[PDB]
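**Q** Just dropping in an experimental structure and the matching sequence.
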Amino acid sequence: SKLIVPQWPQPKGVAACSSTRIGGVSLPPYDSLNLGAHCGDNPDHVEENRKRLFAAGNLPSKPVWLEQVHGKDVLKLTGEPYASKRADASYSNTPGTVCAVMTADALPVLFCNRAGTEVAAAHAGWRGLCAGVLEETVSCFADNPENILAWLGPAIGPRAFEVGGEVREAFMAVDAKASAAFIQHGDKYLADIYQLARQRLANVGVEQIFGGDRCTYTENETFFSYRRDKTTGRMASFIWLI
Ligand SMILES: CC(=O)N[C@H]1[C@@H](OP(=O)(O)OP(=O)(O)OC[C@H]2O[C@@H](n3ccc(=O)[nH]c3=O)[C@H](O)[C@@H]2O)O[C@H](CO)[C@@H](O)[C@@H]1O[C@H](C)C(=O)O
């Protein structure tokens, strides 16, 4: 349909979905289910696309949209309204509360515990992934990392994610083993954002990791991609306790 449903061993109390570009009202280059409000689209179309996602996903409440800044801060969803939503991840243990991250190449990661009593969503672009957003998201859970599941959503894969030293140096400063995930490609590198996520998740003891098969740049019928399109829309990934 419009929506991707993560293929992971989802506990009964957990629901998740990840949007695609299909099924909205936005015009090119935002065509069509653009959920992002700061990328130059018509605000009335973004509002309608967000309502369509709400209906298609059977969400129990409106998603808690974050003021994403490519950092490592996590908002605990203790109840609307919020003083500040300046964060790149959210955490919930409240039934019906919808965690949401907005992406167009950055890695969305969805998290839940085996008990299906706590969920989280993280926006892991290269800058936030390097800074520790995933480790910070795991640290918000009451449960131990051995009992946490992670789903790697659609991101820019290593076929397409060309980077320079701004990026490789940053990662090698935090954890030298990141070098494996950078492959020389002329004067630049191809970076494997899924590998870097798997490193950071293993570092905090998250072992049960799913997804990581999609490519936002390559699969242009399905996804917006900042790197491919420059001016483009945003998908989002969603998780909640039923
Ligand atoms: C995957 C990811 O983190 N993408 C993010 C990143 O874009 P990116 O595309 O990486 O741009 P760069 O940071 O400016 O550059 C990162 C590195 O990549 C080199 N490069 C860039 C372009 C190119 O063609 N070739 C090339 O080698 C460049 O020299 C630098 O070393 O930075 C943008 C903000 O500037 C974000 O909006 C974007 O977030 C997305 C939307 C989201 O939230 O989903």
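**A** Cool, got the structure. Numbering: from 1, shown residues only.

**Q** And the contacts of the longest helix seen in the chain?
**A** The residue-count maximum for a helix in the chain (DSSP state H) belongs to helix 43-57. Applying CB atoms under 8 Å, 6 or more residues apart in numbering, the contact partners of helix 43-57 are 1-3, 17, 19, 23-27, 30, 32-37, 59, 62-63, 236, 238. C-beta here means a position set from N, CA and C on the backbone, and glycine is covered the same way.

**Q** What parts of the protein come near the ligand?
**A** Residues of the chain found near the ligand, taking CB under 6 Å from any ligand atom as the criterion, are 103-106, 125-126, 156, 162-164, 166-167, 188, 226-227.

**Q** just to revisit the earlier point, what comes up buried for the longest helix of the chain?
**A** Of all the residues in helix 43-57, those buried under the rule 16 or more other CB atoms under 10 Å are 45-46, 48-50, 52-54, 56-57.

**Q** Tell me the buried residues in the very next helix or strand once past that helix?
**A** Downstream of helix 43-57, the first helix or strand assigned by DSSP states H and E is strand 74-76. In terms of neighbour count (16+ other CB under 10 Å), strand 74-76 has its buried residues at 74-75.

**Q** and the next element down the chain from strand 74-76?
**A** Assigned by DSSP H and E, the successor of strand 74-76 is strand 89-92.

**Q** Remind me what whichever helix or strand comes after that following strand packs against, helices and strands.
**A** Counting by DSSP H and E, the element after strand 89-92 in chain order, helix or strand, is strand 98-103. In terms of contacts (3 or more CB pairs under 8 Å, 6 or more residues apart in numbering; DSSP states H and E), strand 98-103 is packed against strand 89-92, strand 119-124, strand 235-241.

**Q** roughly how far is the longest helix of the chain from the heart of the chain?
**A** Its chain's C-alpha centre and that of helix 43-57 lie 18 Å apart, by CA atoms, centre = their mean, to the nearest Å.

**Q** please renumber so the chain begins at 29
**A** Sure, I'll start numbering at 29, so the last one becomes helix 71-85.

**Q** Need the CA coordinates for it. CSV is fine.
**A** Below are the C-alpha coordinates for helix 71-85, written out as CSV (Å, rounded to 0.1, in the frame of the first residue of the first chain):
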residue,chain,number,x,y,z
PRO,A,71,1.9,24.1,3.8
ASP,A,72,-1.8,23.3,3.0
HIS,A,73,-0.6,20.2,1.0
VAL,A,74,1.8,19.1,3.9
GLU,A,75,-1.2,19.3,6.3
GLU,A,76,-3.3,17.1,4.0
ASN,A,77,-0.5,14.6,3.5
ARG,A,78,-0.1,14.3,7.3
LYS,A,79,-3.8,13.7,7.7
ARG,A,80,-3.7,11.0,4.9
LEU,A,81,-0.8,9.3,6.8
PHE,A,82,-2.8,9.4,10.0
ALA,A,83,-5.7,7.7,8.3
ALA,A,84,-3.7,5.1,6.2
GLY,A,85,-1.6,4.1,9.3
